[PDB]
Amino acid sequence: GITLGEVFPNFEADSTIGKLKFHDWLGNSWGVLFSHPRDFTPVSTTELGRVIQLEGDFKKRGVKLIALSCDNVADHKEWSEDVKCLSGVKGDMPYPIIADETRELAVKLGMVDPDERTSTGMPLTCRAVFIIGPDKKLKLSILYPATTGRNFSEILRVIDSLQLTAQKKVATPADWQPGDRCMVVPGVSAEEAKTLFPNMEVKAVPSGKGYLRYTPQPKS
Amino acid sequence: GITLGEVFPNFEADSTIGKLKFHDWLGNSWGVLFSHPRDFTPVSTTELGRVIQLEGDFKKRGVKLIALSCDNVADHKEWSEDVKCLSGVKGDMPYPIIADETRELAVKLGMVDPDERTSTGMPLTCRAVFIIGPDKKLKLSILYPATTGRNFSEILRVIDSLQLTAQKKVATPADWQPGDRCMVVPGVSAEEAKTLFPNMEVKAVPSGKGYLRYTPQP
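Residues numbered from 1 in each chain as written, not as in the entry; some residues may be left out. Chains lettered and ligands numbered in written order. Heavy atoms only, no water.

1. Description of the overall build of chain B
Stated precisely, the cut-off is as follows: Secondary structure elements follow DSSP: runs of H or I of four or more residues count as helices, runs of E of two or more count as strands, with numbering from the N terminus. For the exposure calls, accessible area comes from a 1.4 Å probe over protein chains only, and a residue counts as buried if that area is under 20% of its type's maximum, exposed if over 50%, partly exposed in between. Residues count as neighbours in contact if any of their non-hydrogen atoms are within 4.5 Å of one another. Values of accessible area rely on a 1.4 Å probe in the Shrake-Rupley scheme; residue burial ignores everything except the protein chains shown. All tallies of charge rest on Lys and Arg as positive and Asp and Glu as negative; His and the ends of each chain are not included. Charge positions are represented by NZ for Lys, CZ for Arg, CG for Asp and CD for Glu.
A count of helices and strands for chain B gives 7 helices and 13 strands. For chain B, the spread of C-alpha atoms along the principal axes amounts to about 60 × 35 × 35 Å. Among the 218 residues that make up chain B, the fraction classed as buried is 56%. When contacts within chain B are restricted to residue pairs at least 6 apart in sequence, those whose partners lie at least 24 apart make up 63%. When the accessible surface of chain B is split by element, carbon and sulfur atoms take 48% of a total near 9100 Å². Where the 27 positive side-chain charges of chain B centre and where its 28 negative ones centre are 7 Å apart.

2. Some remarks on the environment of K137 of chain A
All names here are of chain A. With respect to the secondary-structure elements, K137 resides in the loop between β8 (127-132) and β9 (138-144). Look at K137 and you get partly exposed, because its relative accessible area is 34%. Separated by 128 residues in the primary sequence, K137 and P9 have C-alpha atoms spaced 9.2 Å apart. Each residue touching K137, except ones within four places of it in the same chain, is listed here: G5, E6, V7, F8, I131 and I132.

3. A closer look at the nonpolar core
Where we set the bar: Put simply, a nonpolar core is a bunch of buried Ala, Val, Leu, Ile, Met, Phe, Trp, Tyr and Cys residues held in one set by side-chain atoms that sit within 4.5 Å of each other.
Judged by nonpolar contacts, the single largest core of 65 residues is most densely connected at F34, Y95 and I131 of chain A together with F34, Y95 and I131 of chain B. Apart from residues no more than four positions distant in its own chain, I131 of chain A is found in contact with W30, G31, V32, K137, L138, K139, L140, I155, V158, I159 and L162 of chain A. If you look at the next biggest cluster of nonpolar residues, it comprises 44 residues, including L138 of chain A together with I66, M111 and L138 of chain B.

4. As for the domain arrangement of chain A
Interface size, as often reported, equals the accessible area lost upon joining of the parts. Residue and element names in this part refer to chain A. Here is the rule we go by: For the domain bounds, the source is a domain assignment made automatically or taken from a database. Here the buried area means the combined drop in accessible surface, using a 1.4 Å probe, for two parts upon being joined, counting both sides. One speaks of a salt bridge when a side-chain nitrogen belonging to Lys or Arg is within 4 Å of a carboxyl oxygen belonging to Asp or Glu. Any residue outside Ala, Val, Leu, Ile, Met, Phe, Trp, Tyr, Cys, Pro, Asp, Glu, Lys and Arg is labelled polar, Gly included; the first ten of those are nonpolar and the last four are charged.
Examined at the domain level, chain A breaks down into domain 1 (1-150) and domain 2 (151-220). Relative to domain 2, the C-alpha centre of domain 1 lies at a distance of 31 Å. Listed per partner, the contact involves 17 residues of domain 1 and 9 residues of domain 2. Across the domain 1/domain 2 interface, buried area totals approximately 1200 Å², and carbon plus sulfur atoms make up 81% of it. Three residues stand out in domain 1 for area buried against domain 2, namely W30, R61 and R150, and they jointly supply 40% of the buried area on that side. Our enumeration of links across domain 1 and domain 2 arrives at 1 salt bridge. Here the residues of the side of domain 1 that touches domain 2 sort into 10 nonpolar, 1 polar and 6 charged.

5. A closer look at the packing of helix α2 (residues 42-53) of chain A against helix α4 (residues 73-87) of chain A
Residues and elements named next belong to chain A. Formally: To get an axis, fit a line to the C-alpha atoms, keeping to the stretch in contact for a helix; angles then go from 0 to 180 degrees between the N-to-C directions. It is the rotation of the near helix from the far one that decides the hand of a crossing: anticlockwise by less than a right angle makes it left-handed, clockwise makes it right-handed.
Closest axis-to-axis distance for the α2/α4 pair is 8 Å, and the angle between their directions is 65 degrees. Crossing geometry of α2 relative to α4 is assigned as right-handed. Facing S44, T45, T46, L48, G49, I52 and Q53 of α2, the residues of α4 in contact are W79, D82, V83, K84, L86 and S87. Of the residues belonging to the contact of α2 with α4, the class tally is 5 nonpolar, 6 polar and 2 charged.

6. Description of helix α2 (residues 42-53) of chain B
What counts here: The span expected for a helix works out to 1.5 Å for each residue beyond the first.
For α2 of chain B, which comprises 12 residues, the first-to-last C-alpha distance of 17 Å matches the rise-based estimate of 16 Å (1.5 Å per residue) to within 8%. Residues of α2 of chain B that are buried include every one of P42, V43, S44, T45, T46, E47, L48, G49, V51 and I52 of chain B, and no others.

Dropping the structure here:
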């Protein structure tokens, strides 16, 4: 498995765009690696089709996308035509799909599905998502099972939070949406906040402590 | 770390309700164990306050809630009054808070924060969520960092998916909400589907295969 802040493995894999080396492919960019259990299955088709629908939202944010299952590249290419169809978007696939036929990555990344195996007994991946920073470190992960399709709007929401809080001394509260007020992080002194967050609100709480500090979302 | 379908550790820990052994505390119930980096911090307050606001939503689904940080129980109790205040909901805390001061749970569960440490240099937890079935197995997890508050509506959404898909031969598509059409799992034969899913629709795809099969939610 991979924990937050670890350097993502600089793996070599085959894909729909040929062989790649992950750190080279990603470069100095934010990235999202996401897996699915099997090509030619229904939820998986809805998910990759949704990602096509959202490709511009990821592109606007400088976020490179890459898919993964344990199927082979020929199956990815054929199935990709079904994905395009369901997406309702015409044009070439906007992201590569990695072929993890040896299950090396499924195991390394702690992403084996609990229930779904091939008829021949081979493991398969779950519906994992890994958000990787330009420093190649894991910033956020989810592990959803085969039964449960993902919410890619939540993935966009957390990307917005991660990119903002990388740059500014804020953290995003429960259910934050871009443009909503943020919290000033505990490490910022009152003296520093005078300049940095001149409209900051310190909300009084029963403990009498001074940590509950809101500010408008900074420009970033 | 813990992978999906692993039996969750039957840990012994202190908490705001006293000593607990996790499997015994959970019993024959769905559960949601969720962590936060530190008591008396703002995002964390908003999150734990939001879970109080949602406690009725979790209860109606038969889901027990339990929180966790590496702080002590005295701090948990004191800070809980701030959480209650923020929540706008009067009354006793509706879930316990575990004290993981040894960091054994932080490390075992793969939930150490990448950035936040104590001033004394010690690890802290991130904003993890673990959804555990009645069989004590891990069904779904998320690992969010300290910087990024969670969406507990999404947690409710996936509970609904997990609970439905445990009982019926369906899987929930991208962005599914309760009431939306589901997908018939590949394993179900056309013949079985005549009975089980009489209003199933098969959508034609370029590959010509028959797997894109929708059904109203059972």
